[PDB]
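# Descriptive analysis of the structure
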Amino acid sequence: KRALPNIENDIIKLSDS
Amino acid sequence: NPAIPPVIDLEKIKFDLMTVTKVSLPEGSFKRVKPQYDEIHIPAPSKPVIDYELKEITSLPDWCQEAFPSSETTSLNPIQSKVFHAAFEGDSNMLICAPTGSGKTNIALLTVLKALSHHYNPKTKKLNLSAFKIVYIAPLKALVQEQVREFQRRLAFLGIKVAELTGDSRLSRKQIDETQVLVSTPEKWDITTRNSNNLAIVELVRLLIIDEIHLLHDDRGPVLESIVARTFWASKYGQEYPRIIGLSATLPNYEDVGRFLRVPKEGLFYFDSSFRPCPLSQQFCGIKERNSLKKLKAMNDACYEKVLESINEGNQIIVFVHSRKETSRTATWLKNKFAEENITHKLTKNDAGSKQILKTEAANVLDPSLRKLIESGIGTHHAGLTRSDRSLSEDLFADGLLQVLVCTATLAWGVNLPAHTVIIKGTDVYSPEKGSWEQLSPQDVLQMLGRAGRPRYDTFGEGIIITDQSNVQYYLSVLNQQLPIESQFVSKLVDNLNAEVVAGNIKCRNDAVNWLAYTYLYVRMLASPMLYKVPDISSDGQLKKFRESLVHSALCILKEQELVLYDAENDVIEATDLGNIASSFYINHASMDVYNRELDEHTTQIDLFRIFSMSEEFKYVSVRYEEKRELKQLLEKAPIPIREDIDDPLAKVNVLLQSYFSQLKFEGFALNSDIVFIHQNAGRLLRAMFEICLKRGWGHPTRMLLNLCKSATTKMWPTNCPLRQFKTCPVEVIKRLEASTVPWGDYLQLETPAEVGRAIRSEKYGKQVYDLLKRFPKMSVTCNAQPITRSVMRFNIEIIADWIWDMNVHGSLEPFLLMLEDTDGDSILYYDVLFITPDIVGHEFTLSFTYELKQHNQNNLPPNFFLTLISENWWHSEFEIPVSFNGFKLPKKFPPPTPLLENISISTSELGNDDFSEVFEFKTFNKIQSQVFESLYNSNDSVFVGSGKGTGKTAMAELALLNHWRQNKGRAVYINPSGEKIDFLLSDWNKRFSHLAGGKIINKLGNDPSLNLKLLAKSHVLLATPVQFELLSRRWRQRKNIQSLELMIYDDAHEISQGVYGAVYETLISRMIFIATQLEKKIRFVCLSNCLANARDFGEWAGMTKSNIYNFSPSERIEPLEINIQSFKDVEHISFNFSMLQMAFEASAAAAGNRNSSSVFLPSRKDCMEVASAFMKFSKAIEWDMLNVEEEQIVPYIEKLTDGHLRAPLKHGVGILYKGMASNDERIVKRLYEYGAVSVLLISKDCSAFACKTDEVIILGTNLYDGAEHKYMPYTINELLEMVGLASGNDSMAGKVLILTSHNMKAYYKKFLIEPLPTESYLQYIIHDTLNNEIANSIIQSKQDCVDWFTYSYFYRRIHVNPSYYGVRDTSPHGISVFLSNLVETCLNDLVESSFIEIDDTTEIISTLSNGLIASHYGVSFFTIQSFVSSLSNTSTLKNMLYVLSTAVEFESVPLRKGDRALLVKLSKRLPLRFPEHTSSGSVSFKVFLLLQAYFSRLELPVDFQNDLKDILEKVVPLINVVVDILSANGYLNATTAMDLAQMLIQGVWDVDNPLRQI
Amino acid sequence: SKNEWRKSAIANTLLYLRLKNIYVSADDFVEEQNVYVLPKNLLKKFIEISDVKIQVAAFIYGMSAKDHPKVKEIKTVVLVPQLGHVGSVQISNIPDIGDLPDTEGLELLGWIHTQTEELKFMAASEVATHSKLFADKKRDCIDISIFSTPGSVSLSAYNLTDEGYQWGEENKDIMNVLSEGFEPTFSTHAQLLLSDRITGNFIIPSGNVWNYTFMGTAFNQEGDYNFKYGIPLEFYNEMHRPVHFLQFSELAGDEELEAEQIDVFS
């Protein structure tokens, strides 16, 4: 069963156009 | 780096017998063989020669004389005088090996006293407390509690405290600071340091004394190895290491333990058996009898004969035994054995003189066997006896009545009762961990034989060991100093490795190799490579490639079991949430592997008891033949079914845990030892299982496991009555309630005490029961759903805790588990741990959060979710309530934003003037500006713009002004919520504009509304806030300068949603549209919002065409931007933690390392100071100090700086900015950052509008404390967008952002940074103010006009598209129009009741009254004047007026920080007036009341409080005038007292009978 | 002298596996006659909380959809106090739930229950318990019987004719003899649809206890009980059988323990 990582990190980008 | 180490088997490397070495006995040893048992005698060593002088107590320093009592000690110990010149004079490390005696308290005191003297100051009275603290480790609680009581009495004169660490649920954080010197076990201290949140207080520890370091050989040895390894593997946080003091037994590998503890050649001591205070002669009765009957006979005959010899010599005896029950048999067997030959002539020596003391004492004991024995002879001492009988038996032994005294293991540690001879009768002992009768361990034997030989009276001492012939060689090597202290770290390698990975110290294989260097295993592997299965010492050398292999093998086990993530090729390690549970709650890696697989969503209660039993802690547990007969009854007659048969080991652990909850007594010592082992481990193992199910979201296992956690602590089932938990409760009431089948909820709501007594049968025992029912915790929950988007759903909750807080039964912290569960109850949607405290109980408190619905629920909603609130401690204190979605209308998915035409560019030349071209600086407009330009500049249409920060939104307002001036339109107005931004624009517009046809003369407005009306006529352009202009525009019928306006520029029009000030902004926009529609005048409206979700309703409201609404996406920017959102578990109800603080510094250092400046955002000024001092550290450890120009340049700036606090931070290279402050300090700090002189810049949350701008930005913590509600409220979206907007992109690469936040807030921020948050109205809260205002100015004549008034607002638009948001049950157009009508009917009835208006029939007429006219004039809230009229009177004094003024609703915007209540109470006794009798101290009214007096008295207030005073003084002028008008309207001379108060506010002074002070 | 309930509670653990195989009859979809939509989440929980051997039953409420009037969507299952038997059950009266919120216009559709036997019709005790409840109140109610055998469940809705209400009125109690002209024809084959898009909820008694097998004489069939929205308890839950927990309470005080035996963690 897939255990999630501790200290969750969600990178977000604004590529535009 | 690509080279992967080999996957070696860790099970092979473990120790998993004596190899016939034959122990070298000392000289004078002899043997004597007998048919029953052999004997090996060794005489005691000789006393050593006096080669030195013992250091006197009086010769020590005068300040630490009382530490050693002169009557007791006289002089120092023989061994202590040798180590004094190393221990006391030297601050370096040391290890002292000696026999079990000495003065371990006194040796520790020398190291403690020198640690005190570093922070001691003879000029002061006592030493400095908060700078440091001490730690002391010791094997068991018995030895820990002894060292706490000793250190208290020893250090009594200093006033220093001492307390045992007990590992509470974050409860004893107040005492740990007050103590100063902690004492604990290895396991407690390991768990304390393992949790990385506690690393703030680890730097204060600068002395770690470790008692009995020879425990390294035992199964618990790796705990000590991890503690010492964790100490030296933590230097990057703080530079200063702590001192380590070792205390050992005289065994081999003592040099290796010194190198492990970093002990130099100076303080590496080893005193052999000769230096013991009372020399110990050994003896070993090796039993030959192999038969079981003859073995037990041989132990008795061997014990009897040695007891007989010691009495012939004339010596007292102690006889250790394996259990409580053997203690009684050994005493009575000796009594029967003596009865043949000697009888009671040898024992109880004398009659008449001696026996009279024995006779009177014999009656005192309560037990039957204890009374029978003590009269004749031979004592007894164990845990089974009461505390008095132990104290009775100990004292009479010291007097010397009883010669023999049979004892248990408890007598060795803590009791301290010396004797000449001692006998260990049988070395067999039951180990429930390994599930079999092991032999007695080395540390246990040495502690038992420590009791031998009285130092004062006896010249020498004797110690005997009765055991099997095979075990004689084992116990020879213990006493004769030939039992190697080896390392057992391979067994606990995987557990201790995972712990450091969770803490954040091991991110790769190289980190773990360096960590392993500081273990005791590493030293012993180098010393004995043959022993520890090392492949080749010559090839590896320093065991680098072996540790590479050991770490990799351990990490591969953690990878498969999913405690850590591990990419071996690239070589990177990361802890899982499952691993975090293993670390914190101290679980074995094998047990977590069982929990992860077995715990399904369908895990029933029967499965949970099985899964508990499958743990690795109960691996070696098994059933025996003698146990099966008793377990047969327990297994079949258990409450919860057990699937496993009696022969299965899992059935034994299962039934015994159930037995512990039922409180089943039984005789079997094997099982009664096993049940003790199970319930101790049960506390943390079930808690681990609970935390796994809570993370995964399995509601039914989670709720069941919470009861199993209660059962572990409380020793009871749910079906048992909750009154069992109360300590002082009648037994007759509890007994009877369990019999009668009555539901427990019925007993809570009994209001009167008479109903309780009759309901619970016993009336005499009642009344006390009525009190205890009110002490029991219960809560009134009410929840309301609120849809923002289709997917997102807000859940507003109000909670009223209803119980009287007794400090005895509760403590000071009652935790509750909040859970939002789905319709079934199986899935957990949202959860949070509430923490209730004495102050909040009784009062209501709000609570809100958001959850995103799934695709199943979005299309067709469920009927309801469930909101549960279960108490963690108390039984049957859960409160499920349904959160209804009955008739809920979800708002539809937002339409696509206005797509920018990529190939539409505009230049500055397209303006129709040469002077207009010079002002803009830049020569070409950006893509977003170029889109709006044509409709914005050339056309005079009302236009909307929705664009993110840093896209020339200020210049868009300026374009509207340029078109306005060339046409010569006339008067114009600019609006902006931020008062800071208005001050910037005024100075900028006066310079850059204000010379274009005429002069322009631009003005700012201010606090005084009379002067603002003059500034309206005086100016062409105005800048103002929503509050300033909305109040000025109220009487627009009379004021012709308001209606004559052509241009309105509403900047930050998104802020209409932001609370009451947003509703005022909405009212302003609605008013000018009402004026434009009614007076038929074309007034232009240029709204300049940020990116909204949908601007159709906004533009239609504002009076704009479909064409002129440019609502762009947040995706479209002039420069690229990349955001990073880091979550952390258990960080909801605090500002920020150490993991966030470190990751902020590392990100700031990484930004500075790439030649880019970086800013950091924090909650307040106090956070910036502490983070600044932390940033002066950290950067000390890493080679990166100051940077950016030399120290000669910064010194002249710092010397002429205003604030004293900013000298040290700005020197080391970290600028600070906070609200208020000197304009000198702002100018210096900003310009140093802009030039590139200072690297890092800490900024307060208050100064987000101060557009400093930078390459990278860091949001360290997204929480701020609110003193009114007493909650850490989260950052809003508009607050983050302000900080995110400052991140300007570089030419080489894009600008970065780092949001350090909690788990729950990531889902909100990630959603609403990409998608705009739907802009809703806040008009309904101020509906009393708006209607009353428009009634006062003769706009609203009848109540039909109130309905017509709504159609001009934004509230009327947004309530139709999203009715469920505003609490509309009937979502159909009829129900909405009914809700609008009932909103008026309810509001008008509130106004007419409080004498604001009056309604007369014979359509109606609604004339205004005195209170309504006062409210509309000064711009004060309906609720404020309502309170003022009720509170004020004909004889309300100056004191009453100041209190009534402070209770106003306008002061809710004044923030109450953490610890302001402590300052205000200290400030109040300086000030003259008193706060009213029955009113709360922790309140906003309290802060305003005192701060106004400090303003009159002119006290030097701090930087935070003087800024709060400025915010208070802004609202104070209209409110004092309201008090004057309320009094004079009724008609009192009393009004002139309020006029005297009005004078005091404008000049800032009391009426002191002295006109000269106001000058 | 038997402790035979223990095996059923163990067998109840695997009732989630029976929800893999779900069967519906669906003979001929008649447009003029009514059709009843049962949420899958109600069927999930109701089978999970029920017993493997002993019969478990409950009322059902709901209302018509906006599209069609005769499409009766089942909104709520209502568990009530009951004494379960093998192929039979003593159910309480039609519960008053007008005081609870969000209950405006809840049409009493009928009742839902488990069953040991598989049939094409309503059994003797099934028709009697239907007529005992729904004779005076509403004749056009339904009966969703669930045949739950190992590794599967089979649903079948039935509607009792006026001939059945006479026979149920005549033959009351456990058994007025073995039969008096019992017939398969008494129950008409009603339509039933299992949807997993629409969701439903549970209403339960205020005390939470609905299973009175171990409660005994506390079961009052004529009584008026209080109710609330909540997650229902399983058949052999802690609260339904408090007799086994109160076998040996003992009244034991605290114990000191040895110095080595004391907990290091504290």
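Residues numbered from 1 in each chain as written, not as in the entry; some residues may be left out. Chains lettered and ligands numbered in written order. Part of a larger assembly, values for the part shown. Heavy atoms only, no water.

For this deposition, the record names X-ray crystallography as the technique by which the model was determined and cites 3.40 Å as its resolution.

Per the PDB entry, chain C goes by the name Pre-mRNA-splicing factor 8 and belongs to Saccharomyces cerevisiae.

Taken from UniProt, the Catalytic activity comment for chain B reads in full: "ATP + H2O = ADP + phosphate + H(+)". According to its UniProt record, chain B has this under Sequence similarities: "Belongs to the helicase family. SKI2 subfamily." (UniProt positions renumbered as here; feature names shortened; annotations may be inferred.)

## Overview of the overall build of chain B
The number of helices and strands found in chain B is 59 helices and 42 strands. Counting only C-alpha atoms, chain B reaches 130 × 85 × 75 Å along its principal axes. Evaluated residue by residue, chain B yields a buried proportion of 55% over its 1559 residues. Side chains of chain B give 165 positive and 185 negative charges; the mean places of these two sets differ by 3 Å. (Helix = DSSP H or I, 4+ residues; strand = E, 2+ residues; numbered from the N terminus. Buried < 20%, exposed > 50% of the residue type's maximum accessible area, 1.4 Å probe, protein only. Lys, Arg positive; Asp, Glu negative; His and termini not counted. Charge placed at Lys NZ, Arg CZ, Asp CG, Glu CD.)

## What about the interface of chain B and chain C?
Every contact between the two is made by 69 residues of chain B and, on the other side, 47 residues of chain C. Counting the surface lost from both chain B and chain C, the interface buries some 5300 Å², and carbon and sulfur atoms represent 54% of this. The three residues of chain B that bury the most area against chain C are B:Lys141, B:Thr719 and B:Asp824, which together make up 11% of that side's buried surface. Applying the counting rule to chain B against chain C returns 6 salt bridges. Residues C:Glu258 and B:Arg324 are paired through a salt bridge, measuring 3.4 Å at the closest nitrogen-oxygen approach. (Contact = heavy atoms within 4.5 Å. Buried area = accessible area lost by both parts, 1.4 Å probe. Salt bridge = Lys/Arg side-chain N within 4 Å of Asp/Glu carboxyl O.)

## Considering the packing of aromatic side chains
Residue and element names in this part refer to chain B. Under the counting rule described, the total for this entry stands at 78 aromatic pairs over all chains. Residues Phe260 and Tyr520 carry aromatic rings whose centres are separated by 5.6 Å and whose planes lie at 70° to one another, so their mutual orientation is edge-to-face. In this pair, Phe260 sits in helix α9 (residues 254–260) while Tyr520 sits in helix α19 (residues 520–527), placing the two residues 260 residues apart along the sequence. According to the relative accessible area criterion, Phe260 is buried, its value standing at 4%. What makes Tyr520 buried here is its relative accessible area of 0%. (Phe/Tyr/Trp six-rings, centres within 6.5 Å; stacked < 30°, edge-to-face > 60°.)

## With respect to the interface of chain A and chain B
Taken together, the 16 residues of chain A in the interface contact 34 residues of chain B. A combined buried area of about 2300 Å² lies between chain A and chain B, and 47% of that area is made up of carbon and sulfur atoms. At the junction of chain A and chain B, the tally comes to 3 salt bridges. At the boundary of chain A and chain B, one finds 15 residue pairs in polar contact. Within the side of chain A that touches chain B, the residues separate by chemical class into 7 nonpolar, 3 polar and 6 charged. Where strand β1 (residues 9–14) of chain A lies against strand β33 (residues 1121–1126) of chain B, 6 bridges are found, and the strand directions are antiparallel. Residue pairing for β33(B): A:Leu14 is matched across the bridge by B:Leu1121. (Polar contact = N/O pair within 3.5 Å; in protein donor to acceptor, adjacent residues only side chain to side chain. Nonpolar A, V, L, I, M, F, W, Y, C, P; charged D, E, K, R; others polar. Pairing = 2+ DSSP bridges.)

## Concerning the nonpolar core
Counting residues in each nonpolar core, the largest one holds 124 residues, and the members touching the most others are B:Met592, B:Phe612 and C:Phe46. With near-sequence residues (within four places) excluded, C:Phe46 lies in contact with C:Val56, C:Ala57, C:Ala58, C:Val77, C:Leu79, C:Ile112, C:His113, C:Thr114, C:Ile146 and C:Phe202. Core analysis: the second largest hydrophobic core is formed by 112 residues, B:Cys64, B:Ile137, B:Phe397 and C:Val264 among them. (Core = buried A, V, L, I, M, F, W, Y, C linked by side-chain atoms within 4.5 Å.)

## Things to note about the pairing of strand β8 (residues 243–248) of chain B
Residue and element names in this part refer to chain B. Burial analysis of β8 places 6 of its 6 residues in the buried class, which makes it a mostly covered element. Judged by which residues are buried, β8 turns out to be covered on both faces: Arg243, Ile245 and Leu247 on one side and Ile244, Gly246 and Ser248 on the other are all buried. Sheet topology note: the strand β3 (residues 94–97)/β8 ladder contains 4 bridges and is parallel. Across the sheet, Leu95 pairs through a bridge with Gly246, a residue of β8. Note that strand β7 (residues 205–210) and β8 share 4 bridges and pair parallel. Of the residues in β8, the one forming a bridge with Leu207 is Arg243. Regarding topology, helix α8 (residues 221–232) serves as the crossover connection from β7 to the parallel β8, and that connection is right-handed. (Right-handed = clockwise from strand over helix to strand, strands pointing away.)

## Notes on the UniProt feature "domain: MPN" in chain C
Mapped onto this numbering, the UniProt entry gives "domain: MPN" at residues 35–164 of chain C. Taken end to end, residues 35–164 of chain C is 18% helix and 40% strand, and its first and last C-alpha atoms sit 21 Å apart.

## Some remarks on the sheet that holds β7(B)
Two modes of strand pairing occur in sheets, parallel and antiparallel, and in both the strands are linked by backbone hydrogen bonds. All names here are of chain B. Across the sheet, which stays open at both edges, the 7 strands sit in the order β5-β6-β4-β7-β8-β3-β9 with parallel pairing between neighbours. Each end of this open sheet is capped by a strand with a single partner; those strands are β5 (161–164) and β9 (268–270). If you compare each strand with its neighbour and ignore which way they point, the axes differ by 15° on average. The strands touched by helix α4 (residues 141–154) within the sheet are β4 (133–137), β5 and β6 (180–184), with β5 carrying the most contacts at an inclination of about 170°. Those strands touched by α8 are β4, β7 and β8, and its axis lies near 160° from that of β7. (Axes fitted to C-alpha atoms, helices over the stretch in contact; angles between N-to-C directions.)

## Quick notes on the pattern of salt bridges
Overall, the coordinates contain 79 salt bridges over all chains when judged by the stated rule. It is possible to trace a salt-bridge network through shared partners that takes in B:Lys34, B:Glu39, B:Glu305, B:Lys306 and B:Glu309.

## Digging into the sheet that holds strand β22 (residues 814–821) of chain B
Residue and element names in this part refer to chain B. The 4 strands lie next to each other as β23-β22-β25-β26, forming an open sheet whose pairing is antiparallel. Across the chains shown, the open sheet's two edge strands, defined by having one partner strand only, are β23 (828–836) and β26 (881–884). Within this sheet the neighbouring strands show an average axis-to-axis angle of 20°, counted without direction. Note that strand β25 (residues 864–871) and β26 share 4 bridges and pair antiparallel. The residue bridging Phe865 from the neighbouring strand is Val883, located in β26.

## Some remarks on unusual backbone geometry
Residue and element names in this part refer to chain B. We note that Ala352 has phi near 65°; this positive angle belongs to a residue other than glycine. Following the sequence through the fold, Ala352 ends up in the loop between α11 (324–338) and α12 (355–362). Even without a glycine there, the phi angle at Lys767 is positive, about 75°. Among the structural elements, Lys767 can be located in the loop between α30 (753–759) and α31 (768–775).

## Remarks on the packing of helix α49 (residues 1327–1336) of chain B against helix α50 (residues 1343–1350) of chain B
All names here are of chain B. Between α49 and α50, the shortest axis-to-axis distance is 11 Å and the interhelical angle comes to 120°. Regarding the angle of α49 to α50, the classification is oblique. The two elements α49 and α50 meet at a crossing, and its hand is right-handed. For the pair α49 and α50, contact is made by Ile1327, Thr1330, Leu1331 and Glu1334 and by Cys1346, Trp1349 and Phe1350, respectively. Here the contact of α49 with α50 is built from residues that sort into 5 nonpolar, 1 polar and 1 charged. (Parallel < 35°, antiparallel > 145°, perpendicular 65-115°, else oblique. Left-handed = near helix turned anticlockwise from the far one by under 90°.)

## Digging into the packing of helix α55 (residues 1438–1446) of chain B against helix α59 (residues 1535–1547) of chain B
All names here are of chain B. α59 packs onto α55 with a crossing angle of 65° between their chain directions and a minimal axis gap of 9 Å. Crossing handedness for the pair α55 and α59: right-handed. Residues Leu1438, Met1441 and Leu1442 of α55 lie in contact with α59, whose contacting residues are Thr1537, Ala1538, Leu1541 and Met1544. Residues of the contact of α55 with α59, tallied by class, amount to 6 nonpolar, 1 polar and no charged.

## Here we look at helix α5 (residues 162–170) of chain C
Residue and element names in this part refer to chain C. Inspection of α5 places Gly164, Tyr165, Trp167 and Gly168 among the buried residues, and these make up the whole buried set. Down the axis of α5, the buried set is contained in an arc of 165°. They therefore lie on one face. Turned more than 90 degrees away from the buried face of α5, the exposed residues are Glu163, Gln166 and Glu170. The elements touched by buried residues of α5 are α4 (124–134) and β9 (153–160). (Arc of directions from axis to C-beta.)

## Points about the side chain of B:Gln443
Residues and elements named next belong to chain B. Within the secondary structure, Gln443 is located in helix α15 (residues 442–449). Of the residues examined, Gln443 reaches a relative accessible area of 13% and is grouped as buried. A polar atom in the side chain of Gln443 sits 3.5 Å from the side chain of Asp218. Contacts of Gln443, omitting those with residues within four sequence positions, involve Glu212, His214, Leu215, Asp218 and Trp413.

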